[PDB]
>>> print(open('upload-v6.txt').read())   # compact mmCIF, N, CA and C atoms
# COMPACT_ATOMS: atom_id res chain seq x y z
N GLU J 1 -4.08 -0.95 7.56
CA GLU J 1 -3.51 -1.35 6.25
C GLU J 1 -1.96 -1.41 6.33
N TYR J 2 -1.32 -0.25 6.55
CA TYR J 2 0.15 -0.11 6.70
C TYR J 2 0.41 0.63 8.03
N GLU J 3 1.27 0.03 8.87
CA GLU J 3 1.77 0.68 10.12
C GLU J 3 3.30 0.87 9.95
N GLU J 4 3.69 2.02 9.37
CA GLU J 4 5.10 2.46 9.33
C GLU J 4 5.52 3.02 10.72
N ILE J 5 6.48 2.35 11.37
CA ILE J 5 6.88 2.69 12.77
C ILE J 5 8.32 3.25 12.65
N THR J 6 8.43 4.58 12.50
CA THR J 6 9.74 5.28 12.38
C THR J 6 10.38 5.39 13.79
N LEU J 7 11.41 4.58 13.97
CA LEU J 7 12.21 4.49 15.21
C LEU J 7 13.61 5.13 14.93
N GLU J 8 14.41 5.21 15.99
CA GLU J 8 15.85 5.59 15.90
C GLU J 8 16.77 4.36 16.16
N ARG J 9 18.09 4.61 16.09
CA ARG J 9 19.13 3.68 16.64
C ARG J 9 19.02 3.48 18.17
N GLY J 10 18.86 4.56 18.98
CA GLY J 10 18.83 4.49 20.45
C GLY J 10 20.19 4.15 21.10
N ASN J 11 20.45 2.84 21.26
CA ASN J 11 21.76 2.27 21.63
C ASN J 11 21.76 0.74 21.31
N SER J 12 22.96 0.13 21.22
CA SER J 12 23.14 -1.36 21.15
C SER J 12 22.66 -1.96 19.79
N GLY J 13 21.99 -3.14 19.78
CA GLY J 13 21.37 -3.71 18.57
C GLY J 13 20.09 -2.96 18.15
N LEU J 14 18.93 -3.49 18.55
CA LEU J 14 17.62 -2.84 18.31
C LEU J 14 16.91 -2.58 19.66
N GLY J 15 16.40 -3.61 20.35
CA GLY J 15 15.43 -3.42 21.45
C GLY J 15 14.52 -4.65 21.57
N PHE J 16 13.74 -4.91 20.51
CA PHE J 16 12.91 -6.13 20.37
C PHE J 16 13.66 -7.30 19.67
N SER J 17 13.31 -8.52 20.11
CA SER J 17 13.69 -9.78 19.43
C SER J 17 12.77 -10.00 18.20
N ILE J 18 13.40 -10.18 17.03
CA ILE J 18 12.71 -10.49 15.74
C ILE J 18 12.85 -12.00 15.42
N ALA J 19 11.83 -12.52 14.72
CA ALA J 19 11.82 -13.91 14.23
C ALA J 19 12.36 -13.96 12.79
N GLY J 20 13.40 -14.77 12.56
CA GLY J 20 13.79 -15.14 11.19
C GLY J 20 12.86 -16.19 10.55
N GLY J 21 13.04 -16.36 9.24
CA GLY J 21 12.22 -17.29 8.46
C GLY J 21 12.99 -18.03 7.36
N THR J 22 13.55 -17.31 6.38
CA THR J 22 14.34 -17.91 5.26
C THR J 22 15.65 -18.70 5.67
N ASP J 23 16.27 -18.40 6.83
CA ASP J 23 17.52 -19.05 7.32
C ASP J 23 17.29 -19.66 8.74
N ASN J 24 16.81 -18.89 9.74
CA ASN J 24 16.52 -19.42 11.10
C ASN J 24 14.99 -19.28 11.38
N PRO J 25 14.09 -20.25 11.03
CA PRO J 25 12.65 -20.22 11.40
C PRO J 25 12.35 -20.21 12.93
N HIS J 26 12.25 -18.99 13.48
CA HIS J 26 11.74 -18.74 14.86
C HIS J 26 10.21 -19.04 15.01
N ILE J 27 9.38 -18.63 14.02
CA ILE J 27 7.96 -19.03 13.91
C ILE J 27 7.87 -20.31 13.01
N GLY J 28 6.90 -21.18 13.33
CA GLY J 28 6.54 -22.34 12.47
C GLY J 28 5.29 -22.07 11.61
N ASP J 29 5.45 -21.28 10.53
CA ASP J 29 4.34 -20.95 9.59
C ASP J 29 4.90 -20.48 8.22
N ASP J 30 5.66 -19.36 8.17
CA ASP J 30 6.09 -18.71 6.89
C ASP J 30 7.53 -18.09 6.99
N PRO J 31 8.24 -17.74 5.86
CA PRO J 31 9.55 -17.03 5.91
C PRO J 31 9.56 -15.50 6.29
N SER J 32 8.38 -14.86 6.45
CA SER J 32 8.24 -13.45 6.93
C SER J 32 8.81 -13.21 8.36
N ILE J 33 9.09 -11.93 8.66
CA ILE J 33 9.85 -11.55 9.89
C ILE J 33 8.85 -11.07 10.97
N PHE J 34 8.58 -11.93 11.96
CA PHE J 34 7.52 -11.68 12.97
C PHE J 34 8.20 -11.26 14.29
N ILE J 35 7.94 -10.03 14.75
CA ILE J 35 8.50 -9.52 16.03
C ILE J 35 7.90 -10.34 17.21
N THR J 36 8.73 -10.70 18.19
CA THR J 36 8.34 -11.58 19.33
C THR J 36 8.13 -10.70 20.59
N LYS J 37 9.22 -10.18 21.19
CA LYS J 37 9.16 -9.46 22.49
C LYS J 37 9.89 -8.10 22.39
N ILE J 38 9.44 -7.13 23.21
CA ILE J 38 10.02 -5.77 23.30
C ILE J 38 10.80 -5.67 24.65
N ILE J 39 12.15 -5.59 24.57
CA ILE J 39 13.03 -5.43 25.78
C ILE J 39 13.25 -3.89 26.02
N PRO J 40 13.12 -3.32 27.27
CA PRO J 40 13.40 -1.88 27.56
C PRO J 40 14.75 -1.30 27.07
N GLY J 41 14.73 0.00 26.73
CA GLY J 41 15.87 0.67 26.08
C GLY J 41 16.17 0.17 24.65
N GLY J 42 17.34 0.58 24.15
CA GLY J 42 17.81 0.13 22.83
C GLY J 42 17.30 0.95 21.62
N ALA J 43 15.98 1.13 21.47
CA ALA J 43 15.33 1.75 20.27
C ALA J 43 13.78 1.71 20.38
N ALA J 44 13.21 0.56 20.81
CA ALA J 44 11.76 0.38 21.04
C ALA J 44 11.12 1.22 22.18
N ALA J 45 11.83 1.43 23.31
CA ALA J 45 11.50 2.48 24.31
C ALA J 45 11.62 3.98 23.87
N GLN J 46 12.21 4.27 22.70
CA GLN J 46 12.28 5.64 22.11
C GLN J 46 10.92 6.10 21.51
N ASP J 47 10.29 5.25 20.68
CA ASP J 47 8.87 5.41 20.25
C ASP J 47 7.85 5.11 21.39
N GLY J 48 8.00 3.97 22.10
CA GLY J 48 7.02 3.49 23.11
C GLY J 48 5.60 3.17 22.60
N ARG J 49 5.51 2.50 21.44
CA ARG J 49 4.24 2.25 20.71
C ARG J 49 4.22 0.85 20.01
N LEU J 50 5.38 0.38 19.49
CA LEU J 50 5.54 -0.89 18.76
C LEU J 50 4.86 -2.12 19.40
N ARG J 51 4.05 -2.79 18.58
CA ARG J 51 3.27 -3.96 19.03
C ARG J 51 4.09 -5.25 18.76
N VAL J 52 4.09 -6.12 19.78
CA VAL J 52 4.56 -7.53 19.65
C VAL J 52 3.70 -8.34 18.62
N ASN J 53 4.27 -9.45 18.11
CA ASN J 53 3.65 -10.27 17.02
C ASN J 53 3.42 -9.51 15.66
N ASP J 54 4.31 -8.56 15.29
CA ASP J 54 4.12 -7.68 14.11
C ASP J 54 5.02 -8.19 12.97
N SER J 55 4.39 -8.57 11.84
CA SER J 55 5.10 -9.06 10.64
C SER J 55 5.69 -7.88 9.84
N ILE J 56 7.01 -7.67 9.98
CA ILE J 56 7.79 -6.66 9.21
C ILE J 56 7.75 -7.08 7.71
N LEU J 57 7.24 -6.14 6.90
CA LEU J 57 7.18 -6.27 5.43
C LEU J 57 8.02 -5.23 4.63
N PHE J 58 8.56 -4.14 5.21
CA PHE J 58 9.41 -3.18 4.46
C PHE J 58 10.22 -2.30 5.46
N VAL J 59 11.26 -2.89 6.10
CA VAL J 59 12.25 -2.12 6.91
C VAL J 59 13.11 -1.26 5.96
N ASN J 60 12.94 0.08 6.03
CA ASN J 60 13.69 1.06 5.20
C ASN J 60 13.31 0.94 3.68
N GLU J 61 14.27 1.13 2.75
CA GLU J 61 14.09 0.77 1.32
C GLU J 61 14.67 -0.65 1.03
N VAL J 62 14.13 -1.67 1.73
CA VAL J 62 14.66 -3.06 1.71
C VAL J 62 13.38 -3.95 1.66
N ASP J 63 13.24 -4.70 0.56
CA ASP J 63 12.09 -5.60 0.30
C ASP J 63 12.08 -6.80 1.30
N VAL J 64 11.17 -6.77 2.29
CA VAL J 64 11.15 -7.77 3.40
C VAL J 64 9.82 -8.57 3.30
N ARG J 65 9.93 -9.90 3.21
CA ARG J 65 8.76 -10.84 3.11
C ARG J 65 9.28 -12.31 3.03
N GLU J 66 10.24 -12.55 2.12
CA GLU J 66 10.88 -13.86 1.88
C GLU J 66 12.43 -13.79 2.14
N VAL J 67 12.84 -13.03 3.17
CA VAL J 67 14.25 -12.81 3.56
C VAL J 67 14.33 -13.13 5.08
N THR J 68 15.43 -13.74 5.52
CA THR J 68 15.66 -14.12 6.94
C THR J 68 15.84 -12.91 7.90
N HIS J 69 15.87 -13.16 9.23
CA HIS J 69 16.34 -12.15 10.22
C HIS J 69 17.68 -11.46 9.84
N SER J 70 18.67 -12.15 9.23
CA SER J 70 19.91 -11.52 8.70
C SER J 70 19.69 -10.34 7.70
N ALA J 71 18.73 -10.45 6.76
CA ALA J 71 18.21 -9.30 5.99
C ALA J 71 17.44 -8.19 6.76
N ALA J 72 16.75 -8.51 7.88
CA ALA J 72 16.27 -7.50 8.85
C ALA J 72 17.42 -6.88 9.71
N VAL J 73 18.32 -7.67 10.35
CA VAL J 73 19.53 -7.21 11.10
C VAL J 73 20.46 -6.28 10.26
N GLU J 74 20.74 -6.59 8.98
CA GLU J 74 21.38 -5.62 8.04
C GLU J 74 20.48 -4.41 7.66
N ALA J 75 19.18 -4.57 7.35
CA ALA J 75 18.25 -3.44 7.05
C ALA J 75 17.99 -2.41 8.19
N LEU J 76 17.95 -2.87 9.45
CA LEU J 76 17.98 -2.02 10.67
C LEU J 76 19.38 -1.39 10.99
N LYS J 77 20.50 -2.12 10.80
CA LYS J 77 21.88 -1.57 10.93
C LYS J 77 22.28 -0.55 9.82
N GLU J 78 22.06 -0.88 8.53
CA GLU J 78 22.16 0.05 7.37
C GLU J 78 21.26 1.31 7.44
N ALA J 79 20.01 1.19 7.95
CA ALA J 79 19.22 2.34 8.46
C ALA J 79 19.97 3.32 9.39
N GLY J 80 20.65 2.81 10.44
CA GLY J 80 21.38 3.66 11.40
C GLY J 80 20.39 4.32 12.36
N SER J 81 20.40 5.67 12.38
CA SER J 81 19.45 6.46 13.21
C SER J 81 17.97 6.59 12.68
N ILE J 82 17.55 5.79 11.68
CA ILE J 82 16.23 5.92 10.99
C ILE J 82 15.76 4.48 10.63
N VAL J 83 15.19 3.75 11.62
CA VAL J 83 14.78 2.33 11.46
C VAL J 83 13.23 2.34 11.37
N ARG J 84 12.68 2.26 10.15
CA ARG J 84 11.22 2.39 9.89
C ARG J 84 10.64 1.06 9.37
N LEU J 85 9.88 0.37 10.24
CA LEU J 85 9.37 -1.00 9.97
C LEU J 85 7.93 -0.89 9.43
N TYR J 86 7.73 -1.35 8.18
CA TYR J 86 6.40 -1.41 7.54
C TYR J 86 5.70 -2.72 7.94
N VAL J 87 5.03 -2.70 9.10
CA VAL J 87 4.30 -3.86 9.63
C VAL J 87 2.84 -3.71 9.13
N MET J 88 2.48 -4.37 8.00
CA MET J 88 1.10 -4.28 7.45
C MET J 88 0.08 -4.84 8.48
N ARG J 89 -0.79 -3.94 8.96
CA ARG J 89 -1.76 -4.24 10.04
C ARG J 89 -2.70 -5.39 9.63
N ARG J 90 -2.77 -6.47 10.42
CA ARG J 90 -3.47 -7.74 10.03
C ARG J 90 -4.86 -7.56 9.35
N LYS J 91 -4.99 -8.18 8.16
CA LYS J 91 -6.08 -7.89 7.18
C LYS J 91 -6.40 -9.20 6.40
N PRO J 92 -5.52 -9.85 5.57
CA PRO J 92 -5.85 -11.11 4.84
C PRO J 92 -6.33 -12.28 5.75
N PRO J 93 -7.53 -12.91 5.54
CA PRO J 93 -8.05 -14.00 6.41
C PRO J 93 -7.14 -15.23 6.63
>>> encode(input="upload-v6.txt", output="structure tokens")
Amino acid sequence: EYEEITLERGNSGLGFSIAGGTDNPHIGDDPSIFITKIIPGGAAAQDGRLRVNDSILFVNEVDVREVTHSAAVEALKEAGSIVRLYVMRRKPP
């Protein structure tokens, strides 16, 4: 239903490449934020669990669904040492 993935800052930007939608469409389907690839170190190697192809719906206390990667890049940076991505586990047909 809900996969809240509480990560840290780690170092650098994040770790994984995220897909924009509302400003830079990385995926050709919807404006939601779909994670693409997990690069070693940064923040994603701190948990060691995050799944690729995961649609971020609530990074921190920031409403994510119809906002670009720039609203995810600010929501993960404003988080700081507490980057928690609400990736709703695939359910609607």
>>> closest_residue(input="upload-v6.txt", among="J:73, J:57, J:22, J:66", to="residue 1 (chain J)", atoms="only C-alpha atoms")
J:57
>>> closest_residue(input="upload-v6.txt", among="J:2, J:34, J:86, J:16", to="residue 55 (chain J)", atoms="only C-alpha atoms")
J:34
>>> residues_around(input="upload-v6.txt", residues="residue 14 (chain J)", least_positions_apart="4", cutoff="8 Å", atoms="only N, CA and C atoms", output="short mmCIF file (atom, residue, chain, number, x, y, z; two decimals) with N, CA and C atoms, in the coordinates of the input")
data_model
loop_
_atom_site.label_atom_id
_atom_site.label_comp_id
_atom_site.auth_asym_id
_atom_site.auth_seq_id
_atom_site.Cartn_x
_atom_site.Cartn_y
_atom_site.Cartn_z
N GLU J 8 14.41 5.21 15.99
CA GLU J 8 15.85 5.59 15.90
C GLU J 8 16.77 4.36 16.16
N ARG J 9 18.09 4.61 16.09
CA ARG J 9 19.13 3.68 16.64
C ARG J 9 19.02 3.48 18.17
N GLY J 10 18.86 4.56 18.98
CA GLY J 10 18.83 4.49 20.45
C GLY J 10 20.19 4.15 21.10
N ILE J 39 12.15 -5.59 24.57
CA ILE J 39 13.03 -5.43 25.78
C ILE J 39 13.25 -3.89 26.02
N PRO J 40 13.12 -3.32 27.27
CA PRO J 40 13.40 -1.88 27.56
C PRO J 40 14.75 -1.30 27.07
N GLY J 41 14.73 0.00 26.73
CA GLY J 41 15.87 0.67 26.08
C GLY J 41 16.17 0.17 24.65
N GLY J 42 17.34 0.58 24.15
CA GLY J 42 17.81 0.13 22.83
C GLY J 42 17.30 0.95 21.62
N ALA J 43 15.98 1.13 21.47
CA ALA J 43 15.33 1.75 20.27
C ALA J 43 13.78 1.71 20.38
N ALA J 44 13.21 0.56 20.81
CA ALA J 44 11.76 0.38 21.04
C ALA J 44 11.12 1.22 22.18
N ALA J 45 11.83 1.43 23.31
CA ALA J 45 11.50 2.48 24.31
C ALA J 45 11.62 3.98 23.87
N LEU J 76 17.95 -2.87 9.45
CA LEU J 76 17.98 -2.02 10.67
C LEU J 76 19.38 -1.39 10.99
#
>>> atom_distance(input="upload-v6.txt", atom1="CA of residue 23 (chain J)", atom2="CA of residue 68 (chain J)")
5.3 Å
>>> atom_distance(input="upload-v6.txt", atom1="atom C of residue 30 (chain J)", atom2="atom N of residue 11 (chain J)")
28.4 Å
>>> residues_near_point(input="upload-v6.txt", point="(16.7, 2.8, 3.7)", cutoff="6.5 Å", atoms="all atoms listed in the file", output="list in words")
residues 59, 60, 61, 62, 78 and 79 of chain J
>>> atom_distance(input="upload-v6.txt", atom1="CA of residue 7 (chain J)", atom2="CA of residue 25 (chain J)")
25.0 Å
>>> residues_near_point(input="upload-v6.txt", point="(4.8, -2.1, 8.0)", cutoff="5 Å", atoms="only N, CA and C atoms", output="PyMOL selection string")
chain J and resi 3-4+57+85-88
>>> write_last_selection(input="upload-v6.txt", atoms="N, CA and C atoms", output="short mmCIF file (atom, residue, chain, number, x, y, z; two decimals), keeping the file's coordinate frame")
data_model
loop_
_atom_site.label_atom_id
_atom_site.label_comp_id
_atom_site.auth_asym_id
_atom_site.auth_seq_id
_atom_site.Cartn_x
_atom_site.Cartn_y
_atom_site.Cartn_z
N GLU J 3 1.27 0.03 8.87
CA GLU J 3 1.77 0.68 10.12
C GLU J 3 3.30 0.87 9.95
N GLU J 4 3.69 2.02 9.37
CA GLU J 4 5.10 2.46 9.33
C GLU J 4 5.52 3.02 10.72
N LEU J 57 7.24 -6.14 6.90
CA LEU J 57 7.18 -6.27 5.43
C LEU J 57 8.02 -5.23 4.63
N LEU J 85 9.88 0.37 10.24
CA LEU J 85 9.37 -1.00 9.97
C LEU J 85 7.93 -0.89 9.43
N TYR J 86 7.73 -1.35 8.18
CA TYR J 86 6.40 -1.41 7.54
C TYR J 86 5.70 -2.72 7.94
N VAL J 87 5.03 -2.70 9.10
CA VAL J 87 4.30 -3.86 9.63
C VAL J 87 2.84 -3.71 9.13
N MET J 88 2.48 -4.37 8.00
CA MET J 88 1.10 -4.28 7.45
C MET J 88 0.08 -4.84 8.48
#
>>> select_by_dssp(input="upload-v6.txt", residues="chain J", states="strand (DSSP E or B)", output="PyMOL selection string")
chain J and resi 3-7+16-18+33-38+55-56+83-87
>>> select_by_dssp(input="upload-v6.txt", residues="chain J", states="alpha helix (DSSP H)", output="MDAnalysis selection string")
chainID J and resid 44:47 69:79
>>> closest_residue(input="upload-v6.txt", among="J:15, J:65, J:83, J:70", to="residue 31 (chain J)", atoms="only N, CA and C atoms")
J:65
>>> residues_around(input="upload-v6.txt", residues="residue 36 (chain J)", least_positions_apart="6", cutoff="7 Å", atoms="only N, CA and C atoms", output="PyMOL selection string")
chain J and resi 16-19+52-54
>>> closest_residue(input="upload-v6.txt", among="J:50, J:67, J:5, J:75", to="residue 20 (chain J)", atoms="all atoms listed in the file")
J:67
>>> closest_residue(input="upload-v6.txt", among="J:13, J:28, J:47, J:33", to="residue 63 (chain J)", atoms="only C-alpha atoms")
J:33
>>> decode(input="upload-v6.txt", residues="region 60-90 of chain J", atoms="C-alpha atoms", output="short mmCIF file (atom, residue, chain, number, x, y, z; two decimals), in the first residue's frame")
data_model
loop_
_atom_site.label_atom_id
_atom_site.label_comp_id
_atom_site.auth_asym_id
_atom_site.auth_seq_id
_atom_site.Cartn_x
_atom_site.Cartn_y
_atom_site.Cartn_z
CA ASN J 60 8.87 14.55 3.51
CA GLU J 61 5.86 16.91 4.29
CA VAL J 62 5.73 17.91 0.53
CA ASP J 63 2.69 16.93 -1.68
CA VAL J 64 4.31 14.97 -4.64
CA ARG J 65 2.18 13.69 -7.65
CA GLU J 66 1.72 16.66 -10.12
CA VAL J 67 5.11 18.44 -9.37
CA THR J 68 8.38 18.15 -11.46
CA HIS J 69 11.82 16.69 -10.39
CA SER J 70 12.63 20.35 -9.19
CA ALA J 71 9.92 19.89 -6.43
CA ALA J 72 11.58 16.47 -5.56
CA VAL J 73 15.24 18.01 -5.70
CA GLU J 74 14.03 20.82 -3.26
CA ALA J 75 11.96 18.29 -1.07
CA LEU J 76 15.07 15.95 -0.67
CA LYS J 77 17.47 19.02 -0.11
CA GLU J 78 15.02 20.76 2.42
CA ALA J 79 14.78 17.30 4.17
CA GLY J 80 18.61 17.38 4.78
CA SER J 81 19.61 14.31 6.89
CA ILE J 82 15.95 12.84 6.79
CA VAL J 83 14.85 12.04 3.13
CA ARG J 84 11.66 9.84 3.42
CA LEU J 85 10.05 8.88 0.03
CA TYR J 86 6.38 7.69 0.13
CA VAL J 87 6.48 5.32 -2.90
CA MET J 88 2.89 3.81 -2.90
CA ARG J 89 3.48 0.09 -3.70
CA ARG J 90 1.87 -0.69 -7.16
#
